[PDB]
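Letters A, B, C, D, E, F and G name the chains as they come in the text, with residue numbers starting at 1 for each one.
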Amino acid sequence: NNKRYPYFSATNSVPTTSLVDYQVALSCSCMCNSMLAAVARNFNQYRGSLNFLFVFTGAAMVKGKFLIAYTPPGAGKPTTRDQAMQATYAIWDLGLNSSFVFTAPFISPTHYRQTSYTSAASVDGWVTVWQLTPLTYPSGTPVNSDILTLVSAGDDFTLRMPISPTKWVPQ
Amino acid sequence: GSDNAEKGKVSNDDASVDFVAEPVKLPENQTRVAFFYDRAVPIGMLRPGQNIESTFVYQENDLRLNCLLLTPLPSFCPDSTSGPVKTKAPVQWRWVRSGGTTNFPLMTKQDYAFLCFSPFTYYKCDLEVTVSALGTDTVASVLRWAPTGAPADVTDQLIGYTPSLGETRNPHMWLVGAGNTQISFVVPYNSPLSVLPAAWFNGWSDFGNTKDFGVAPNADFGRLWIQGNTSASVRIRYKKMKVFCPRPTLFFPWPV
Amino acid sequence: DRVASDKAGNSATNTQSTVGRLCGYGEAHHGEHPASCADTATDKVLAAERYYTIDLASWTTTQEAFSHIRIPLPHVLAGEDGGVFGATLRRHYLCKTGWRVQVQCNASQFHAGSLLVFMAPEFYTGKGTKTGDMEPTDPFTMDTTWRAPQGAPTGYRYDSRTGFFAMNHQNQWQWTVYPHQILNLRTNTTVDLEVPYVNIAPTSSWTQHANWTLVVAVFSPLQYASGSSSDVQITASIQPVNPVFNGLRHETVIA
Amino acid sequence: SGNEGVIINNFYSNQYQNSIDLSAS
Amino acid sequence: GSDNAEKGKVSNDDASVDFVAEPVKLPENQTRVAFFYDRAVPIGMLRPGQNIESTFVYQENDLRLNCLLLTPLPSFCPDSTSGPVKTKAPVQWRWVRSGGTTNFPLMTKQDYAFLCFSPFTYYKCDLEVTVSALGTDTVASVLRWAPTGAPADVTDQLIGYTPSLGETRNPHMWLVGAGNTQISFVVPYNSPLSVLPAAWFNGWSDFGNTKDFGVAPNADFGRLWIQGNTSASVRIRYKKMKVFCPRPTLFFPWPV
Amino acid sequence: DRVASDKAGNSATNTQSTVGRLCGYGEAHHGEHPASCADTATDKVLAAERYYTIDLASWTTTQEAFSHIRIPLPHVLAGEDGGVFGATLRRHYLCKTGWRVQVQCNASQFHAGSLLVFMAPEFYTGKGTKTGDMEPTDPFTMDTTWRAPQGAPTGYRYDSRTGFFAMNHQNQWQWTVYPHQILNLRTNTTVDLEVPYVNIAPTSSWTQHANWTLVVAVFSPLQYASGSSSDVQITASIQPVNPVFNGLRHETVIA
Amino acid sequence: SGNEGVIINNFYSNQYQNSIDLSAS
């Protein structure tokens, strides 16, 4: 019904397609409202790592594994875990520790990248999240777990050339 | 890689952590509070209600005033159940408002940039003001300034055929003649307060707590009054700016 | 200390319930060039030295003690899933490498069962008897369905007769003599293994020999009360340790 | 620190050019 | 004298080599890439589509625009099977084009000098821009600049009776009054690219490789938007120029 | 000293009439990793660092002064003929490399003619105007037939009109300003060239840019008396100098 | 090196007057 959540859901299954997919691109919309993007839109170019933070809020009794990946351009965006697995990736295992910090590496032809979708090369690759193994659990446990999804600038990261965004009006 | 958001924070990584890679960082300064806000931006404009030879009087016209409030925040003739009281000096408003039916222009004056992007709770600085002529006629104009909280002294001409606004010990400016068209200057952080609210002041402005909630008193840089034959665009500039206690920025509309 | 991560090029495995990394024959592939080849070897290809993570199997209550699946090497990574490694492998006569593997499989504290995950040299991977030639079928392909144990593990003859036994015999009662680890639902969701390079020769004519095999076998049957998550997969992250290539040529059409 | 890049940048004394910073305590 | 061109090069002689003569060389510096390109040259002109008191809007008129692209290379409202789309900001073109039937003037804008003579594959530098008034009336004008790739923010007037272009944190200029007629300034090499293509970019501009072949992305110094009562001639100047990988210059017609 | 050999991995060129190796911009690709990429690069792949020897063209008496053929890079070696190099290239977003080339062409002491063999950065390789889009055709493909010179080298417009000129203009009268050598039938049967890495950026999105071009152009027309061997080919040995790859991913389907 | 011949040639600080040259590596 197209309304937003601070997270995404997973369950006792391995969805043939990806669970969520963020497009590494400050201009990009799922970030529309993050501090990162809010600051970035006031600057013309960027450089460095983006850090994607995931927090598992399902029940303690729940387990499972995810496959988070970053795919650079050139061969088109991945359509299967198998393909994604060929690019930059990391496996996220549920357990005692609740969260996971995933870094989308800054891999690029140019020392800098434009912060905005001003005309059209549209993107700098994608971040895709997949189930490696199903969320598994016992009877008496909520079958659908929610994973909080946050984003932020990584350590390497910088912005430059202060500018004005296309003016807007909150809804 | 692996961590725990619960504790209020997390490892702030770069590629080299989880992978056979490395830090690609380059030196860079342009992202600094001070440098960034240290550029000029329009907040409104001034339109003279009267000659350079007469007694000044508050005057509105198609949302234009012969006087303006020096603050980034939204301002206008004081609002009333029955409509904004236009026979008076502008004051700080608690929201932005369309001049009319369509969104623009705005009835209110303010630093739209600063509003759409003020990632902080409190700020302070000195204010550099620029007043630029919108017209092409040989100019004859007088400008009066005053610090937050000072008497408007919007009284009668003492000396006939001369500008009442010029009749003060306060800092005033006199501009006249072909080619002489812009006024520029800088004023000090002049508020009784230690720091200013970037957006909201979660309290009442009166001891009786009945009035103007959300607006801190004397939370501005004073004001401008104009008189003479020329209208002007008014811009402000944050000098040696400082900010405190980070907070959320203005919401941005999610794509349909 | 049951929480661990392993990186390889642009890839990284991660686990919160590890029981350590079992290193077979107490040693690893060092990437030495083969004394049997005159040509300077192609080696150290970062793009080829990482974890290729793939699907192994679906574990169900139906599978019984010693049912298993066999994964041949390098073969299983010789095609598409092998990315740059498979691509380079396909263009060389000879390859010599070790393997580093992580087998993944999670359930819950209310589930019961256990797996034997191991690696064996020269282990039979033949699927069936080819009608006509008196030879096996698909030796170099990974099992796509669980394999039933032999009550009497005497192997497989191709002459269509029975009696005595075949050299491809594999006696499961002793499978734990191979380098391995046990994946026990109540203890851990992963196992970590590693093996050196072994073979009848200094380097390998891979095109025609699956010298190493990754085997996953059931020990105690999967069990769970009704309501408990019934869907349980077994996946794996496989990595070529210091692959070394020789005898560059036009490409072997695995396809 | 800010957006000012002029060498001969004094002319007007400091104390006139800017609000004077002073610490209460 | 005697040699062999085959090897990729030859003895670079002076009279004294083959004959009873000698080197007549004198000191001389004026032939240096930097010094040479370090002089002003017109690339086009700006014509205001609207007042200093209104909302700015892309506007063309007899090949004249109220906005222009800062690049030596040819530019204009984006071309289309059905004709250049004039309701839009200029972009880089792949060839020069006559305004009409006869060769001149040109529909496209550019540094004709630099095109007829750019003996190199790549270049870089800072750009010094000069905007000179073509008319004699007391001027009232606003100019907005922005770095390559930045949002045009060609939105509506926020404050009535004032210039929309002036409503930005970006570097903008305000010129008004008798005798006040020219704008001059310098901008930094602001491109995401390490160096710029002096002529051609042998590749596609989109990942799908379907569009704009020969033109490198963000291969420019940003742009200018104008508003107000005055048209102006626009010239550029190569500051601290540097060139790389030598290549052939524009062909010259052999005498009939 | 006109007799020379050059080895590269399992490949080796050889010539008895060389006139030396012209090294463009007086320097070579050192294989440095790009400061613009965070990921550790894949490099030094012996299997990929050799001479790929292929066919260029058939030179005939018909071809005239300045007729030529354009060979784009890396593109021409991005597919099958590129062996391991092309295979690795296809699986990476970015590539940064130099080129070392030997162009071959022999005739006899009784034959006349000469070629201009050279390398240029950002040189137009477009074949024709694509009917509909107002863009070029096959930019990244090597010329399969000699290209006629332009009497007035003003380039190629796509708007279907004529007048003035296009940015893809290339004035042959000055082609010798590019790093080059001359192949003169009476002097030598080979030319040896080498170029560094140059480009608008620290490394390249190769998939969409042919930053370097190898051009073979005729200077003085081929000539021979009747009876003299009439069949004359031009081949070439192309080698990637210190290729460096970044941004590993699923494979770009050049195919 | 370029076409500039003025002695008092500073006024605006260097870093403001020109793009800052910096080497990636």
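Here is the rule we go by: contacts are C-beta pairs under 8 Å (C-beta built on N, C-alpha and C of every residue); 3 or more make two chains touch, one makes a residue touch a chain.
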Chain pair showing more contacts of the two, E-F and A-E: E-F
Chain pair among B-G or B-D whose interface repeats that of E-G, sharing over half of the contact pairs by residue number: B-D
Chain C and chain G: spacing of chain centres that average the CA atoms, whole Å: 63
Whole-Å gap between the CA centroids of chain A and chain F: 41
Chain C, residues touching no fewer than two other chains: 3, 9-12, 14, 16, 46, 83
Residue numbers of chain B (touch at least two other chains): 1-2, 14-15, 18-21, 23-24, 26, 35, 39, 103, 112-113
Chain D residues counted as touching two or more neighbouring chains: none
Chain D - residues contacting chain G, complex: 5-8
Contact set on chain F toward chain A in their complex: 35-39, 91-94, 201-207, 246-253
Touching residues on chain B, where the partner in the complex is chain D: 32, 34-35, 38-39, 126, 186, 188-190, 239-241
Chain A-facing residues of chain C, complex: 3, 10-17, 52-54, 81, 83, 104-111, 189-190, 225-233, 235, 237
Residues on chain A engaged by chain F in the complex (per definition of touch): 48-49, 71-75, 78, 83-84, 86-88, 105-111, 125, 156
